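The chain that follows stands alone, in the form deposited in one PDB entry, written as structure tokens.
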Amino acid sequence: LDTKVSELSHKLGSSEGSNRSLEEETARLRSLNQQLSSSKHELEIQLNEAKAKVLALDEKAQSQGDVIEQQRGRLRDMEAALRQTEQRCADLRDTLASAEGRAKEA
């Protein structure tokens, strides 16, 4: 019975020593988990803000691109209208000079 008491005390000591270490580790892990869970929540807030800014910038860039192309088209049409109006001027000048020449003959 004396040998049994010794064997059990011995097994209990080993088990309890292991237990105190495991209780420390559970406490350590619960703490790290709380910290990671907080960082995760924080990164989610920051990501949502950054993703929001991307969408706003995407819409601005797409709208700006449309404006540029609309203005490009309008500039082309204006260049054409100006070239044609100046050409009508030049033609009127020549027709006037020709009518003056016709009239001179008398």
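Rigid core (definition): largest C-alpha set, two forms, superposition within 1.5 Å. Only residues modelled in both forms are compared. Residue numbers here begin at 1 and follow the sequence given.
There is also a form deposited in another entry; it is not shown, and the following applies to it.
- Once both forms are fitted on their core, the CA shift for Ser14 between this form and the one not shown remains under 2 Å.
- With the core held fixed, the Cα of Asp94 is displaced between this form and the one not shown by 2 Å or more.
- Residues present in both forms were considered; between this form and the one not shown, the rigid-core fit shows Cα displacements of 2 Å or more across three or more consecutive positions only at 88-106.
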